[PDB]
């Protein structure tokens, strides 16, 4: 919507059979319409023999119907609708929502209502259609497998314990998807899909009179049948201290939490709007304070946060969560409990409450006098949120007044009282995630309450106060170095400058830079450099990157960059160090100045370091026993023999100090740098800033870091270790080959042709291929064609896949046709011209040029690249993509 439309007119209605509808006429944009229907049934309503059936019905109502034996979605496809973009369904615990955006907007309204009434009142739910649809539902079930989903179920089981939700995931079970008969879906549909259990909303360019005549036409005849009464949406709250582990052997989660559960909709005889306003004020106040409380946490805990979430229609959960140093879960839960007790002892900061409520009053004041206007998609979002809750929309103008009124009856003592109610909830829960094989015994409730009593009896210091904001400033730099030499590449608009400290500038005066400067600073200081310690170097690089200069902080660094619209980022790879940044040209001194400070005055923010150590430790604990850690180790032994480096043991990790890490960083920062600078400005503007900030950094010659090169030969392994029901097939092949721009393009062209041929050659659905990837490139640093073919597939015929792809490769060089190359050449030509004037391409080719030629020639003559694409050259290169003498095969199968 380009012209925002004002607050719409709402018309509500109810047919005789109980069907409810909401008509929302916007004055624009012309023809746009959005149509949605909710059936108040979700997975929570399934019986024990109905697992996944709410969601299966949401699929099946698009198949055969009374009016459409070939399927509702079939009919829609024939009239130009696309799945997802034009029609969609979403099922959750409580409700099923059908959404329609007809291609012709409001002209298609009647066809949309005929389709929706067919879906909700006349679905056949045929066994034949279900047996066809099971393919799609099984595929969604497979894609919802993995560690994130498994941990989400761990969390639901704990935080919603004693409710219907843990046993009712929306997707259901593999057995139910495979085995549930259409008859069960029909009974579920006939139980819940009734007009008094359904509601419709139409938003946009409509005539409310016409629309509701269309609604009567398609929905009035549905028989009025009641659905069962339901009062099972909440966990059964009771006074308790429940203790749970959140556990998955592939999860790096290392975390403790303490949670209160309570009825969040009880407003205690007061305005319910005012109650939700007290909740917002309380959460903002607590969020401010609990961040300050980070200074009380011992080394085993970090990042104490408070979160509030809905866990039923009326129940909420208020949780305190903190990351844990693996092995330190006992000390961490005690620290969480101490901080909770401190919140029971002391009132919330009165200045915060004043500031928070004043901020809300300002917004509410502005809302109350501003006519509400929105774009179409925003109206749909705002209206759908309230309609899904089955509540009327209240406009932002009215809500602004409502807030001002409620704010007048809110004092600090109301906030404190609201907060203490949550902390007094008798239904409580302690949760532990402990990664990998870390020794752990689930504490008994008595052990947790023993800590609560300890802190209840202890003397606790007041809540921490807000600390003064650090306002960072770059130092004055008055030492200047000198440029000692200039080499000119006028044809490429490049100058190369030698500086007195040994650095060099490769400056490209590209008009495509506009009013910005682009910096890429490279040196040979990868973390495999011989003077360094690989894991410590990588940790130091990341900590300096996030912390900024010694006298700053992670957060003052982020604020300072934002203010100057400036970026600068450290990336230390195995073989090189790259600092990359952009600034406006008027910020050039601030970009070079920050760059210099990272080199000579690196910082380590203690909060950032503590968090980074937690992250490394929990991943180490997981990787030591996970599937992913096992695969990485076996792939390493197959391709390289031994790892180049490894993360430390956790006990060594815990000993790391800031001076040790800064020592590593200074080893990287001493390597001489080439500054690739893209800036459309005169040298007279650039050179003084170069000489002041970049020529003055101490350097010492560094050696080149040897590349990490996969070993030659044929090796294979098969590991039955997967925890999902899938096979992963990986093959690597390489051929040494000198890098030229022409050869790289030819490799790329043959790759595209090979991918399509290998995919066509493995088209058979009987093979069970879920995903398939063919990668190949002439890697320019290693100067080898590196080819990688990847499979994910059902386990049954995984052993055959690489064999079929191996045969495809041997056929490829005689199956490539003149038309294939002609298509690819024309497609390359079109891409190459879209890369003209592209700054990302220009910067990459400049840097590649210096790597191979030590000059910028690659910025010129790109129009001749396509000429190296011929039928002969592509076929001769397709024959090098796969080299049978250098082949490593790794097959991962499900565990026995």
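Positions refer to the first chain, counted from 1.
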{"query": "Mean C-alpha B-factor comparison - 754-762 and 478-486, higher one", "finding": "754-762"}
{"query": "544-552 or 792-800, whichever carries the higher mean Cα B-factor", "finding": "792-800"}
{"query": "Member of 389, 567, 197, 315 with the greatest C-alpha B factor (per the PDB record)", "finding": "389"}
{"query": "Selection from 123, 609, 470, 616 [criterion: highest C-alpha temperature factor in the record]", "finding": "470"}
{"query": "B-factor third for the C-alpha atom of residue 739 within its chain", "finding": "middle"}
{"query": "Chain-wide C-alpha B factor ranking for residue 847, given as lowest, middle or highest third", "finding": "lowest"}
{"query": "Third of the chain, ranked by Cα B-factor, where residue 397 sits", "finding": "highest"}
{"query": "Chain third (lowest, middle, highest) by recorded CA B-factor, residue given as residue 51", "finding": "middle"}
{"query": "CA B-factor placement of residue 44, once the chain's modelled residues are sorted into thirds", "finding": "lowest"}
